[PDB]
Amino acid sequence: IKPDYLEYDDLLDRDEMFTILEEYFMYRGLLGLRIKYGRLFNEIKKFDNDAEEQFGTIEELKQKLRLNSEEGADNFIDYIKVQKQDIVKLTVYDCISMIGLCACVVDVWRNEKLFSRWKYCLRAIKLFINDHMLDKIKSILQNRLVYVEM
């Protein structure tokens, strides 16, 4: 049995980055941010800052993609595919920003009670972030948590 990541403070080598992200989008997407997070989820939360910088404000994105419309989730996936298509040399930081964007998007859906749309965040991550990039994100998070400790 894997741990629950909601209040988890570490990122061990045996912890699977994809599972962490699944639990992150589940809890953020269903419960929201008025909940205590552990140090792990609190580090992932910091990715929101990167997202806003790379892709713009969530307000602008909400309007551009009509996120709460019937087509909103499909519009978000299309947007992610456009980014994947267009970024010439994808970096781990593009992927970090994309995780943050998914997180800001899942908030819009939660606030609207479109609870099941959190699943699209996972669909988006699988399209955009390969296993090599997941490993790089994992190592970044491990280093940042060590720095927080020390």
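Residue numbers here begin at 1 and follow the sequence given.
Participant: Averaged over C-alpha atoms, is the B-factor higher for 87-95 or for 38-46 in this PDB entry?
Facilitator: That would be 87-95.
Participant: Determine, for stretches 21-29 and 122-130, which one has the higher mean CA B-factor as deposited.
Facilitator: Looking at the recorded C-alpha B-factors, 122-130 comes out higher on average.
Participant: By the record's CA B-factor, is residue 136 among the lowest, middle or highest third of residues in the chain?
Facilitator: For residue 136, the deposited C-alpha B-factor lands in the highest third.
Participant: Rank-wise, by C-alpha B-factor, drop residue 114 into the lowest, middle or highest third of its chain.
Facilitator: Residue 114: CA B-factor falls in the middle third of its chain.
Participant: Sorting the chain's modelled residues by C-alpha B-factor, tell me whether residue 106 ends up in the lowest, middle or highest third.
Facilitator: Its C-alpha B-factor belongs to the lowest third of this chain's values.
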